[PDB]
Amino acid sequence: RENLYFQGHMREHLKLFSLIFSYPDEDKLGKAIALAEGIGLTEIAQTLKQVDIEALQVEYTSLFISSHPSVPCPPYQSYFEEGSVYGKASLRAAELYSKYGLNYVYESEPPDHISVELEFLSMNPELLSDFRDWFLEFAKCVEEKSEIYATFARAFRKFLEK
């Protein structure tokens, strides 16, 4: 169930992107290739539908988790806004999640991580206008800085560029 009376899929779309930008797995890849198909965004579905999970991770990891020098495109709106991970962004993120009375029940990751902010916007898309450019300086970084992921990374920009 997604809605039988209001035209169309932004929220749905957002959740896809949030999925597209976590560390991947059989399940996430499942859900995504599915949201993808449901919301009908198509090429972005095959692209997903047909990749070697092992390798997918690996890029993910080369891109976001491990420090080659430092991580390529650290997926935090602190690194991007402020320089380090775990900064004012993070307090602000979190502040607002709680302002929206969402309960951030999460462990591994700071609240200012993209994948999260996305789940959040997929619930309150009003506020995209806000979280956008960060969602973007990012979007480009990934688009330039590496290959499997790039597709999405563009598609994403392409997305919020509309």
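Determination of this PDB entry was carried out by X-ray crystallography to a resolution of 3.40 Å, according to the record.

Here we come to the environment of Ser 18. By secondary structure assignment, the location of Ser 18 is in helix α1 (residues 10-20). Through-space distance from the C-alpha of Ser 18 to that of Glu 119 is 6.0 Å; in sequence the pair is 101 residues apart. Those residues in contact with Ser 18 that sit more than four places away from it in its chain are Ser 115, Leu 118 and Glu 119.

At a sulfur-sulfur separation of 2.1 Å, the disulfide partner of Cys 73 is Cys 141. Looking down the S-S bond of the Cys 73 and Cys 141 bridge, the torsion is -110°, so its handedness is left-handed. Of this pair, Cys 73 sits in the loop between α4 (53-65) and α5 (77-82) while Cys 141 is found in helix α9 (residues 134-145), placing the two residues 68 residues apart along the sequence.

Attention now goes to the packing of α1 against helix α10 (residues 147-161). Packed helix pairs are characterised by how far apart their axes lie and by the angle those axes make with each other. At their nearest, the axes of α1 and α10 sit 11 Å apart, and the two run at 150° to each other. With respect to each other, α1 and α10 are oriented roughly antiparallel. Considering the relative orientation of α1 and α10, their crossing is left-handed. In this structure, α1 uses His 13, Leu 14, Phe 17 and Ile 20 to contact α10, whose residues at the interface are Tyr 149, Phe 152, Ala 155, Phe 156 and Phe 159. For the contact of α1 with α10, the residue count by class is 8 nonpolar, 1 polar and no charged.

Next up on the list: the side chain of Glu 117. Structurally, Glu 117 is set in helix α7 (residues 114-123). At 3.0 Å, the side chain of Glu 117 forms a polar contact with the side chain of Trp 134. Leave out the neighbours within four places in its chain, and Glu 117 touches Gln 77, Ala 93, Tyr 97, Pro 111, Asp 112, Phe 131, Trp 134 and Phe 135.

Moving on: the packing of α1 against α7. The geometry of α1 relative to α7 is characterised by a closest axis approach of 8 Å and an angle of 170° between their N-to-C directions. With respect to α7, the element α1 is oriented roughly antiparallel. Touching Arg 11, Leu 14, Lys 15, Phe 17 and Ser 18 of α1 are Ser 115, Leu 118, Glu 119, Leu 121, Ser 122 and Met 123, all from α7. Residue composition of the contact of α1 with α7, grouped by class: 5 nonpolar, 3 polar and 3 charged.

Our focus in this paragraph is the pattern of salt bridges. Across the pair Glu 81 and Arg 92 runs a salt bridge whose closest N-O atoms are separated by 2.6 Å. Taken together, the residues span a long stretch of sequence, with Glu 81 in helix α5 and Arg 92 in helix α6 (residues 88-99) at a distance of 11 residues. Look at the salt bridges and you will find they share partners, linking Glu 81, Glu 82 and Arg 92 into a network.

Aromatic pair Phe 21 and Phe 156: ring centres 5.4 Å apart, planes at 50°, arrangement tilted. Taken together, the residues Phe 21 in the loop between α1 and α2 (26-38) and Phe 156 in helix α10 connect sequence positions 135 residues apart. Geometrically, the ring pair formed by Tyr 23 and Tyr 60 is edge-to-face, given 6.0 Å between the ring centres and 80° between the ring planes. Remark: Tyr 60 occurs in helix α4 and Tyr 23 occurs in the loop between α1 and α2; sequence separation between them is 37 residues. Cluster of aromatic residues (ring-pair linked, three or more members): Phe 17, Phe 21, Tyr 23, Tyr 60, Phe 64, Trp 134, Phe 138, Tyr 149, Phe 152, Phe 156 and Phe 159.

Here we come to the environment of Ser 115. Examined against the element boundaries, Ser 115 turns out to sit in helix α7. Setting aside its immediate chain neighbours within four residues, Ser 115 contacts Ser 18, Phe 21 and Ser 22.

The rules behind these values
- Residues numbered from 1 in each chain as written, not as in the entry; some residues may be left out.
- Heavy atoms only, no water.
- Residues with missing side-chain atoms left out of burial classes, pairs and counts.
- Helix = DSSP H or I, 4+ residues; strand = E, 2+ residues; numbered from the N terminus.
- Contact = heavy atoms within 4.5 Å.
- Disulfide = S-S within 2.5 Å.
- Axes fitted to C-alpha atoms, helices over the stretch in contact; angles between N-to-C directions.
- Parallel < 35°, antiparallel > 145°, perpendicular 65-115°, else oblique.
- Left-handed = near helix turned anticlockwise from the far one by under 90°.
- Nonpolar A, V, L, I, M, F, W, Y, C, P; charged D, E, K, R; others polar.
- Polar contact = N/O pair within 3.5 Å; in protein donor to acceptor, adjacent residues only side chain to side chain.
- Salt bridge = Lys/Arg side-chain N within 4 Å of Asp/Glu carboxyl O.
- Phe/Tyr/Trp six-rings, centres within 6.5 Å; stacked < 30°, edge-to-face > 60°.

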